[PDB]
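Chemist: Below is the file work_38.txt, with compact mmCIF, C-alpha atoms and all ligand atoms.
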# COMPACT_ATOMS: atom_id res chain seq x y z
CA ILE A 1 6.66 -8.26 5.53
CA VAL A 2 8.88 -9.30 8.45
CA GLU A 3 7.44 -11.00 11.55
CA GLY A 4 3.92 -11.02 10.07
CA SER A 5 1.51 -13.85 9.43
CA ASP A 6 -0.58 -15.22 6.56
CA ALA A 7 -3.52 -13.06 5.66
CA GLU A 8 -6.95 -14.64 5.92
CA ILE A 9 -8.92 -14.90 2.70
CA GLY A 10 -10.62 -11.56 1.85
CA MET A 11 -8.81 -9.81 4.74
CA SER A 12 -7.31 -7.11 2.46
CA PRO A 13 -9.58 -7.06 -0.64
CA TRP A 14 -8.06 -3.69 -1.70
CA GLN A 15 -4.61 -5.32 -2.00
CA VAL A 16 -3.19 -4.95 -5.53
CA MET A 17 -0.07 -6.62 -6.99
CA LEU A 18 1.92 -4.63 -9.55
CA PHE A 19 3.37 -7.25 -11.93
CA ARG A 20 6.00 -7.28 -14.74
CA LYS A 21 4.81 -9.37 -17.73
CA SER A 22 8.23 -10.28 -19.06
CA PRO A 23 10.41 -11.41 -17.59
CA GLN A 24 7.65 -12.16 -15.11
CA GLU A 25 8.17 -10.47 -11.75
CA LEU A 26 6.25 -9.17 -8.78
CA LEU A 27 7.23 -5.44 -8.71
CA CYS A 28 5.39 -3.80 -5.79
CA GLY A 29 2.15 -3.62 -3.87
CA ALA A 30 -0.66 -1.15 -4.50
CA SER A 31 -4.22 -0.49 -3.39
CA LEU A 32 -7.64 -0.36 -4.99
CA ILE A 33 -9.46 2.89 -4.18
CA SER A 34 -12.40 2.68 -6.63
CA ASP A 35 -13.42 0.52 -9.62
CA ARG A 36 -10.86 2.36 -11.81
CA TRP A 37 -8.14 3.95 -9.64
CA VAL A 38 -5.17 2.23 -7.97
CA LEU A 39 -2.75 3.98 -5.63
CA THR A 40 0.99 2.98 -5.33
CA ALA A 41 4.43 4.46 -4.40
CA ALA A 42 6.01 6.76 -7.06
CA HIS A 43 9.30 4.83 -6.83
CA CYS A 44 7.63 1.61 -7.90
CA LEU A 45 7.17 3.32 -11.30
CA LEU A 46 9.96 5.87 -11.55
CA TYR A 47 13.35 5.43 -9.95
CA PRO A 48 16.22 6.53 -12.22
CA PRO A 49 19.10 5.33 -9.97
CA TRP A 50 17.88 1.77 -10.70
CA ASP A 51 17.18 2.51 -14.42
CA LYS A 52 13.45 2.23 -13.61
CA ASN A 53 10.96 4.32 -15.63
CA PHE A 54 7.85 2.32 -16.59
CA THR A 55 5.15 3.43 -19.05
CA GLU A 56 1.50 2.29 -18.89
CA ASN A 57 2.18 -0.42 -21.46
CA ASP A 58 4.97 -1.69 -19.18
CA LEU A 59 2.90 -3.26 -16.40
CA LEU A 60 -0.22 -5.14 -15.26
CA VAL A 61 -2.13 -5.07 -11.99
CA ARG A 62 -3.42 -8.18 -10.28
CA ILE A 63 -6.42 -7.62 -7.95
CA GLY A 64 -8.08 -9.98 -5.46
CA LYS A 65 -4.98 -12.15 -4.94
CA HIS A 66 -3.86 -14.27 -2.01
CA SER A 67 -1.23 -16.65 -3.41
CA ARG A 68 1.87 -14.81 -4.54
CA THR A 69 2.59 -17.08 -7.55
CA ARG A 70 -0.56 -19.05 -8.44
CA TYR A 71 -3.01 -17.88 -11.11
CA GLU A 72 -6.17 -17.66 -9.04
CA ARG A 73 -8.66 -18.07 -11.85
CA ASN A 74 -12.25 -16.90 -11.19
CA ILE A 75 -10.89 -15.07 -8.10
CA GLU A 76 -8.18 -12.63 -9.16
CA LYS A 77 -8.76 -10.05 -11.88
CA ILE A 78 -5.93 -8.79 -14.09
CA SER A 79 -6.15 -5.27 -15.53
CA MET A 80 -4.21 -3.15 -17.94
CA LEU A 81 -3.23 0.40 -17.18
CA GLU A 82 -4.60 3.35 -19.10
CA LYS A 83 -2.38 6.10 -17.64
CA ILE A 84 0.14 6.50 -14.81
CA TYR A 85 0.33 9.75 -12.83
CA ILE A 86 3.36 10.49 -10.67
CA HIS A 87 3.39 13.35 -8.19
CA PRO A 88 5.22 16.24 -9.96
CA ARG A 89 7.19 17.04 -6.77
CA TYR A 90 8.16 13.43 -6.03
CA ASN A 91 11.77 13.65 -4.82
CA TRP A 92 13.57 10.58 -6.21
CA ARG A 93 16.93 12.31 -6.02
CA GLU A 94 17.00 12.62 -2.24
CA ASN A 95 14.55 11.18 0.23
CA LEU A 96 11.55 9.93 -1.71
CA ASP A 97 9.48 12.92 -0.52
CA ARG A 98 5.93 12.58 -1.90
CA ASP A 99 6.36 8.91 -2.89
CA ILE A 100 2.92 8.55 -4.47
CA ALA A 101 1.44 7.63 -7.84
CA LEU A 102 -2.00 6.93 -9.26
CA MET A 103 -2.80 4.37 -11.95
CA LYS A 104 -5.99 4.46 -14.04
CA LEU A 105 -7.33 1.07 -15.13
CA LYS A 106 -8.22 0.58 -18.80
CA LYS A 107 -11.61 -0.76 -17.75
CA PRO A 108 -13.43 -0.64 -14.41
CA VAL A 109 -13.00 -3.81 -12.28
CA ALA A 110 -15.96 -5.77 -10.84
CA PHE A 111 -16.08 -6.05 -7.09
CA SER A 112 -16.42 -9.41 -5.30
CA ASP A 113 -15.76 -11.09 -1.93
CA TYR A 114 -12.05 -10.70 -2.82
CA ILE A 115 -12.06 -7.30 -4.50
CA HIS A 116 -13.31 -4.18 -2.74
CA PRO A 117 -11.87 -0.63 -2.42
CA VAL A 118 -10.39 0.96 0.72
CA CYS A 119 -11.47 4.43 1.91
CA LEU A 120 -9.18 7.41 1.84
CA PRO A 121 -9.38 9.44 5.02
CA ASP A 122 -11.22 12.74 5.32
CA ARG A 123 -9.42 15.53 7.26
CA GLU A 124 -11.11 14.67 10.53
CA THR A 125 -10.47 10.91 10.29
CA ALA A 126 -6.82 11.60 9.44
CA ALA A 127 -6.32 14.00 12.38
CA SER A 128 -8.07 11.64 14.83
CA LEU A 129 -6.32 8.38 13.92
CA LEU A 130 -2.82 9.38 12.89
CA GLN A 131 -1.53 9.43 16.46
CA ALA A 132 1.50 7.91 18.16
CA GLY A 133 0.85 4.49 19.71
CA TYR A 134 -2.25 3.72 17.68
CA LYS A 135 -1.67 0.75 15.37
CA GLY A 136 -2.30 0.32 11.68
CA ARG A 137 -1.88 -2.63 9.41
CA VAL A 138 0.53 -3.29 6.55
CA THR A 139 0.22 -6.04 3.96
CA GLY A 140 2.30 -7.37 1.14
CA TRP A 141 4.15 -10.14 -0.68
CA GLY A 142 7.63 -8.66 -0.03
CA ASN A 143 10.64 -10.22 1.62
CA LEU A 144 10.24 -12.03 4.91
CA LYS A 145 13.65 -10.82 6.22
CA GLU A 146 16.33 -8.30 5.43
CA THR A 147 18.29 -10.07 2.61
CA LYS A 154 15.22 -13.57 -1.01
CA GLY A 155 12.91 -15.16 1.61
CA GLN A 156 9.54 -14.81 -0.10
CA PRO A 157 6.06 -15.70 1.23
CA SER A 158 3.74 -18.19 -0.45
CA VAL A 159 0.67 -16.04 0.41
CA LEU A 160 -0.08 -12.39 1.32
CA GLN A 161 1.42 -11.39 4.67
CA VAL A 162 -0.02 -9.03 7.32
CA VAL A 163 1.44 -7.25 10.31
CA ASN A 164 0.01 -4.62 12.68
CA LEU A 165 2.42 -1.82 13.79
CA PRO A 166 2.15 1.26 16.01
CA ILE A 167 2.57 4.79 14.63
CA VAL A 168 5.70 6.42 16.06
CA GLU A 169 6.01 10.04 17.34
CA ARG A 170 7.65 12.35 14.77
CA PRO A 171 10.65 13.31 16.98
CA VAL A 172 11.53 9.60 17.40
CA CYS A 173 11.16 8.99 13.61
CA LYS A 174 13.49 11.96 12.96
CA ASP A 175 16.14 11.01 15.49
CA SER A 176 16.17 7.39 14.21
CA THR A 177 17.67 8.20 10.82
CA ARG A 178 20.19 10.45 9.05
CA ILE A 179 17.82 10.70 6.10
CA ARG A 180 15.91 14.02 5.98
CA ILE A 181 12.28 13.19 6.83
CA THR A 182 9.32 15.34 5.80
CA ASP A 183 5.71 16.05 6.77
CA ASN A 184 4.69 13.94 3.76
CA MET A 185 6.02 10.87 5.63
CA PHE A 186 5.25 9.06 8.85
CA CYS A 187 6.95 6.07 10.45
CA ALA A 188 5.64 3.03 12.27
CA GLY A 189 7.10 0.07 14.15
CA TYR A 190 7.91 -1.12 17.63
CA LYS A 191 10.61 0.57 19.67
CA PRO A 192 13.51 -1.43 20.98
CA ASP A 193 12.37 -2.95 24.28
CA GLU A 194 8.62 -2.86 23.37
CA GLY A 195 8.71 -6.68 23.26
CA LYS A 196 7.32 -7.12 19.71
CA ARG A 197 8.85 -6.84 16.20
CA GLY A 198 7.70 -6.40 12.60
CA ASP A 199 8.18 -4.27 9.48
CA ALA A 200 7.59 -4.00 5.83
CA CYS A 201 10.50 -4.87 3.54
CA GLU A 202 11.70 -4.93 -0.06
CA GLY A 203 8.81 -5.92 -2.35
CA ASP A 204 6.19 -4.33 -0.07
CA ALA A 205 6.45 -0.69 -1.37
CA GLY A 206 3.22 0.78 -2.68
CA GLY A 207 1.15 -1.45 -0.40
CA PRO A 208 -1.29 0.20 2.01
CA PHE A 209 -0.87 1.13 5.66
CA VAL A 210 -4.48 0.93 6.83
CA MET A 211 -6.42 1.73 9.97
CA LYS A 212 -9.88 0.59 11.08
CA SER A 213 -12.03 3.49 12.19
CA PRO A 214 -13.68 3.10 15.54
CA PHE A 215 -16.21 5.77 14.27
CA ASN A 216 -17.77 3.82 11.41
CA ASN A 217 -16.01 0.36 11.23
CA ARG A 218 -14.48 1.23 7.87
CA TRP A 219 -10.90 0.65 6.79
CA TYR A 220 -8.92 3.74 5.77
CA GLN A 221 -5.60 3.92 3.92
CA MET A 222 -3.41 6.29 5.92
CA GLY A 223 -0.05 5.36 4.34
CA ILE A 224 1.85 3.80 1.43
CA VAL A 225 4.87 1.61 2.15
CA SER A 226 7.80 3.75 0.90
CA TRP A 227 11.26 3.14 2.40
CA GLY A 228 13.42 2.07 5.34
CA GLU A 229 16.93 1.18 6.24
CA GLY A 230 17.10 -2.51 6.03
CA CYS A 231 14.06 -4.20 7.57
CA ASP A 232 13.00 -4.83 11.16
CA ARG A 233 16.25 -3.48 12.61
CA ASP A 234 16.28 -2.37 16.26
CA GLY A 235 15.82 1.41 16.58
CA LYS A 236 14.80 1.87 12.92
CA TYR A 237 11.19 2.39 11.70
CA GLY A 238 9.39 1.84 8.41
CA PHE A 239 8.54 5.03 6.51
CA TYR A 240 5.19 5.54 4.78
CA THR A 241 3.85 8.14 2.41
CA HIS A 242 1.32 10.37 4.25
CA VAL A 243 -1.78 9.84 2.08
CA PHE A 244 -3.98 12.56 3.52
CA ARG A 245 -1.18 15.17 3.21
CA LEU A 246 -1.16 14.41 -0.53
CA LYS A 247 -4.93 14.11 -0.97
CA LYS A 248 -5.25 17.50 -2.75
CA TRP A 249 -3.00 16.06 -5.51
CA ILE A 250 -5.01 12.82 -5.74
CA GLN A 251 -8.17 14.93 -6.07
CA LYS A 252 -6.55 17.20 -8.73
CA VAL A 253 -5.52 14.17 -10.85
CA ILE A 254 -8.78 12.26 -10.57
CA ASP A 255 -10.73 15.45 -11.47
CA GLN A 256 -8.67 16.06 -14.65
CA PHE A 257 -7.76 12.42 -15.35
CA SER B 1 -23.52 3.62 5.31
CA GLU B 2 -21.68 5.84 7.79
CA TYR B 3 -19.69 7.70 5.19
CA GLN B 4 -19.75 10.87 3.11
CA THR B 5 -18.14 10.48 -0.35
CA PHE B 6 -15.33 12.94 -1.21
CA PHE B 7 -14.77 12.33 -4.89
CA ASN B 8 -16.99 12.61 -7.96
CA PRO B 9 -18.20 9.16 -9.09
CA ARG B 10 -18.15 10.45 -12.69
CA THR B 11 -14.31 10.76 -12.53
CA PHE B 12 -13.55 8.50 -9.50
CA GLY B 13 -15.83 5.71 -10.72
CA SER B 14 -18.03 3.59 -8.49
CA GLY B 15 -17.24 2.14 -5.09
CA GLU B 16 -16.57 5.00 -2.74
CA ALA B 17 -19.89 4.99 -0.89
CA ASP B 18 -19.24 1.39 0.30
CA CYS B 19 -15.48 1.73 0.69
CA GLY B 20 -13.61 0.03 3.53
CA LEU B 21 -16.24 -2.61 4.38
CA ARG B 22 -15.05 -6.14 3.56
CA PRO B 23 -17.58 -8.60 2.14
CA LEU B 24 -16.14 -11.49 4.17
CA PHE B 25 -15.82 -9.51 7.40
CA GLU B 26 -17.66 -6.25 8.17
CA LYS B 27 -20.52 -7.09 5.80
CA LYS B 28 -21.21 -10.30 7.76
CA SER B 29 -20.15 -8.87 11.16
CA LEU B 30 -17.26 -11.33 11.29
CA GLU B 31 -13.90 -10.24 12.76
CA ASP B 32 -10.49 -11.07 11.35
CA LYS B 33 -7.87 -12.69 13.58
CA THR B 34 -5.91 -9.57 14.55
CA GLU B 35 -8.17 -6.54 14.07
CA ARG B 36 -8.86 -6.53 17.85
CA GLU B 37 -5.21 -5.57 18.34
CA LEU B 38 -5.86 -2.40 16.28
CA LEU B 39 -9.00 -1.45 18.24
CA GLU B 40 -7.18 -2.02 21.53
CA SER B 41 -4.32 0.25 20.51
CA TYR B 42 -6.88 3.11 20.78
CA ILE B 43 -7.56 2.31 24.45
CA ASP B 44 -4.16 1.41 26.02
CA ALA C 1 22.33 15.21 5.62
CA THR C 2 22.91 11.63 4.26
CA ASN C 3 20.67 9.28 2.23
CA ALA C 4 23.51 6.75 1.67
CA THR C 5 21.57 3.97 3.51
CA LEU C 6 18.07 4.76 2.09
CA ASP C 7 16.42 1.55 0.90
CA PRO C 8 13.37 2.09 -1.28
CA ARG C 9 10.98 -0.79 -0.60
CA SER C 10 10.75 -2.43 -3.86
CA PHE C 11 12.87 -5.33 -5.08
CA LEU C 12 11.83 -8.55 -6.71
CA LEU C 13 12.06 -12.29 -7.60
CA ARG C 14 10.19 -15.54 -8.44
CA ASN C 15 11.26 -17.34 -5.25
CA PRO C 16 10.47 -21.03 -5.94
CA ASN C 17 12.84 -20.46 -8.92
CA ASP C 18 11.92 -19.33 -12.46
CA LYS C 19 8.13 -19.43 -11.72
CA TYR C 20 4.89 -17.63 -11.39
CA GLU C 21 2.03 -19.53 -13.10
CA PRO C 22 0.91 -18.08 -16.48
CA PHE C 23 -2.21 -15.89 -16.86
CA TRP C 24 -4.75 -14.19 -19.19
CA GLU C 25 -4.46 -14.56 -22.96
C1 LIG D 301 11.03 8.85 -17.96
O1 LIG D 301 10.68 8.56 -19.32
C2 LIG D 301 10.01 9.58 -20.07
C3 LIG D 301 9.91 9.18 -21.55
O2 LIG D 301 9.62 7.81 -21.69
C4 LIG D 301 10.74 10.92 -20.02
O3 LIG D 301 9.86 11.94 -20.47
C5 LIG D 301 11.21 11.28 -18.62
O4 LIG D 301 12.09 12.38 -18.72
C6 LIG D 301 11.92 10.10 -17.96
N1 LIG D 301 12.37 10.48 -16.62
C7 LIG D 301 13.62 10.87 -16.32
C8 LIG D 301 14.66 10.95 -17.41
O5 LIG D 301 13.94 11.17 -15.18
NA NA D 302 12.71 -1.57 14.02
Turn the structure described in the file into C-alpha cells.

Modeler:
Amino acid sequence: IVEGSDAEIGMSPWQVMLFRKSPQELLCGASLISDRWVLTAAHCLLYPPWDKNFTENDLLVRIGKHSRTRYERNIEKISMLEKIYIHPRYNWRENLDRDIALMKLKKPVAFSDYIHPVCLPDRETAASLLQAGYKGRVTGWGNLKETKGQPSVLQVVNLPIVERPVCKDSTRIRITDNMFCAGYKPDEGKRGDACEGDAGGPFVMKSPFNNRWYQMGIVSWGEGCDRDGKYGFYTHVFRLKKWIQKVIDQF
Amino acid sequence: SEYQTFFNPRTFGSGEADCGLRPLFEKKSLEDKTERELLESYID
Amino acid sequence: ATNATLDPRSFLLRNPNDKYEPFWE
C-alpha cells in the first residue's frame, strides 16, 4: 500500500495473509468470508508467465495478523488449505479478467477480536455503493512504493471509485465489466494505491444502511503504483458472485 | 442484525449472519481513525 | 490492444533480510 497508514488493531479482522512455507515468503493478501472460506485473486495461485501454479499443499493462510513478520501467538491463527478453486474463465493470458479464487480451509477457524468475516454484497448493496466518487478501503502488507520498501504492520488506505470511462481511457490494457478501478485523479490533491504484494486483499466499503463492512473488490493489477493518471484495478466481487455461490454449493 | 444471509451455512460454514461487524469497533460502537472519510464520501 | 505494462499485484520478500519469525509445529 502506497501513501497509507498503519492499521489499528482489529481494524480489518477479515484480512488474511497467504504465506509460502519454504522458502518463507509473504505471497499475497486474501479475505475471510466465513469460518471455512477465504477469497483471493486467481493470479496469486495461478500465473504461468511467472512459473506460478500452487496446489493446496503448497501454501498456508495466516488469519488475525497485524505484524507482517512476527509470529503473533495466541492472536493469529494459521490454517492449511483443503482445496483451491480458480475461476474457470480466469484470463491469465491477457488482462487478468475474472481474477478470483476461493480457498477452503482444512478446519473451520475460531473467531475472535482479531478474526471475523467480511460480508459479500447483495445485488442491491452492490448497485447502491459501487458508484464513482464514493470511497472504499484497501489493506495489505505489500510494497510501500513502486520498486522492496515493506511495512512492519498492516497498511490501510481509503480511495475513491473512478468512473468507468476514466478507468478505460487511463490504460491500453483491455478492461472488462469484471473489473473496477479506484484512486485519486491527478489534481485531486491526495494520493494512494495498492502495490505489489497487496493482490488478493479486499477492497471494502462500509454500508451506511446497516453499518456492516462489505467486500466489493479484490486487489488485482495496475501499472506501477500510485502513478499520476493511473488507477488501481480490482476484481468486481458481486459480478462474480454466481461463481462463488456455485463453488461453495458444490465444494 | 440488519442482514439477510445469502449462502447456506451447511456449505458456507458459520459466520455470515454477523459478517462485517468488527468486535473492536462496531460491536462496541467505537469508530476507527479514518472510517469517517468513507461515510463522508457518500455526502460530498 | 496492449498488456505489455500490466503489473499483477503480487510480488514478495522478507524485508528486514532473511526473516519472518517461525510458526506452528
Ligand atoms: C497447473 O497445474 C496442474 C497440475 O498440477 C495442471 O493440471 C494445470 O494444467 C496447470 N496449469 C497450466 C499448465 O496452465
Ligand atoms: Na494514480

Chemist: So, with all atoms listed in the file as the atoms that count, which of A:47, A:111, A:37, A:14 lies closest to ligand LIG 301 (chain D)?

Modeler: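 Ranking A:47, A:111, A:37, A:14 by distance to ligand LIG 301 (chain D), first place goes to A:47.
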
Chemist: Enumerate residues in contact with ligand NA 302 (chain D): an atom-to-atom distance of at most 8 Å, counting all atoms listed in the file. Format the result as a list in words.

Modeler: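 If we count all atoms listed in the file, the neighbours of ligand NA 302 (chain D) turn out to be residues 189, 190, 191, 192, 197, 198, 199, 231, 232, 233, 234, 235, 236, 237 and 238 of chain A.
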
Chemist: Please, which residues have at least one atom within 10 Å of an atom of ligand LIG 301 (chain D), using only C-alpha atoms and all ligand atoms, listed as a PyMOL selection string?

Modeler: chain A and resi 45-49+51-55+92-93

Chemist: Go ahead and compute the interatomic distance for CA of residue 81 in chain A and CA of residue 105 in chain A, in Å to one decimal.

Modeler: 4.6 Å

Chemist: Between CA of residue 114 in chain A and CA of residue 23 in chain A, what is the spacing in Å?

Modeler: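 It comes out at 26.9 Å.
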
Chemist: Produce a table with one row for each residue of chain A that has an atom at most 9 Å from any atom of chain C, each row naming the nearest atom pair and its distance in Å at one decimal; use all atoms listed in the file; arrange rows by chain and rising residue number; format as a tab-separated table.

Modeler:
residue	atom	partner	partner_atom	distance
A:24	CA	C:20	CA	7.2
A:25	CA	C:13	CA	6.0
A:26	CA	C:12	CA	6.0
A:27	CA	C:12	CA	5.9
A:28	CA	C:10	CA	5.9
A:29	CA	C:10	CA	8.7
A:43	CA	C:8	CA	7.4
A:44	CA	C:10	CA	6.5
A:68	CA	C:20	CA	8.0
A:69	CA	C:20	CA	4.5
A:70	CA	C:21	CA	5.4
A:71	CA	C:21	CA	5.7
A:72	CA	C:23	CA	8.9
A:73	CA	C:23	CA	8.5
A:78	CA	C:24	CA	7.5
A:94	CA	C:3	CA	6.7
A:95	CA	C:3	CA	6.7
A:96	CA	C:8	CA	8.1
A:142	CA	C:12	CA	7.9
A:143	CA	C:12	CA	8.6
A:154	CA	C:15	CA	6.9
A:155	CA	C:15	CA	7.4
A:156	CA	C:15	CA	6.0
A:157	CA	C:15	CA	8.5
A:158	CA	C:15	CA	9.0
A:178	CA	C:2	CA	5.6
A:179	CA	C:3	CA	5.0
A:180	CA	C:1	CA	6.5
A:200	CA	C:9	CA	7.9
A:201	CA	C:9	CA	5.8
A:202	CA	C:9	CA	4.2
A:203	CA	C:10	CA	4.3
A:204	CA	C:9	CA	6.0
A:205	CA	C:9	CA	4.6
A:206	CA	C:9	CA	8.2
A:225	CA	C:9	CA	7.1
A:226	CA	C:9	CA	5.7
A:227	CA	C:8	CA	4.4
A:228	CA	C:7	CA	5.4
A:229	CA	C:7	CA	5.4
A:230	CA	C:7	CA	6.6

Chemist: Give the residues of chain A that lie within 9 Å of chain B; count only C-alpha atoms, and format the answer as number ranges by chain.

Modeler: A: 8-14, 33-37, 108, 111-120, 122, 129, 133-137, 163-166, 211-221, 251, 254-257

Chemist: What does the structure give for the distance between CA of residue 223 in chain A and CA of residue 208 in chain A, in Å to one decimal?

Modeler: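 Going from CA of residue 223 in chain A over to CA of residue 208 in chain A covers 5.8 Å.
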